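Residue numbers (the entry's author numbering): 1 to 56. Heads up, the beta-carbon is just placed ideally off N, CA and C, and yes, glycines get one too. For reference, the structure is listed below as C-alpha cells.
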Amino acid sequence: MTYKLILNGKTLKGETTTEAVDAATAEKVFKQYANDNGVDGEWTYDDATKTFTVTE
Numbered sequence: 001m002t003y004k005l006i007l008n009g010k011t012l013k014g015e016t017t018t019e020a021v022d023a024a025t026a027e028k029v030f031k032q033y034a035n036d037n038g039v040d041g042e043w044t045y046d047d048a049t050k051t052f053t054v055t056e
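The following block contains the structure:
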C-alpha cells in the first residue's frame, strides 16, 4: 500500500509516494519527509483515493 502525498507548502509545493502498512505510520513517514523541506502545519488524509495531503 503506497499513498500519494501532496505538498501544498506556501513557498514550496511537491508530491511523493511512500510505502506504509497503515495510516498511522504513513502520517509520520511523510511528515519525516516534509520536515526535510520545512513544511509542517495541517495534515489531511484522502482515504478515498489513497492520497495524502499537507498544507503549511
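Under 8 Å by Cβ, that's how I've got residue i and residue j pegged, so tell me the actual separation to the nearest angstrom.
i, j, result
"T53", "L12", "14 Å between Cβ atoms; not a contact."
"residue 59", "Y3", "Absent from the model: residue 59. The displayed extent of the chain is 1 to 56, so no value can be given."
"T25", "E42", "Not confirmed; about 19 Å, so no contact."
"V39", "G9", "4 Å"
"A20", "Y45", "Contact flag wrong, Cβ pair sits at about 11 Å."
Consult DSSP for residue i and reduce its assignment to one of helix, strand or coil.
i, result
"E19", "strand"
"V29", "helix"
Per the DSSP calculation, residue i is bridged to which residue(s)?
i, result
"residue 59", "Given that the chain is displayed from residue 1 to residue 56, the structure contains no residue 59 and the question cannot be resolved."
"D46", "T51"
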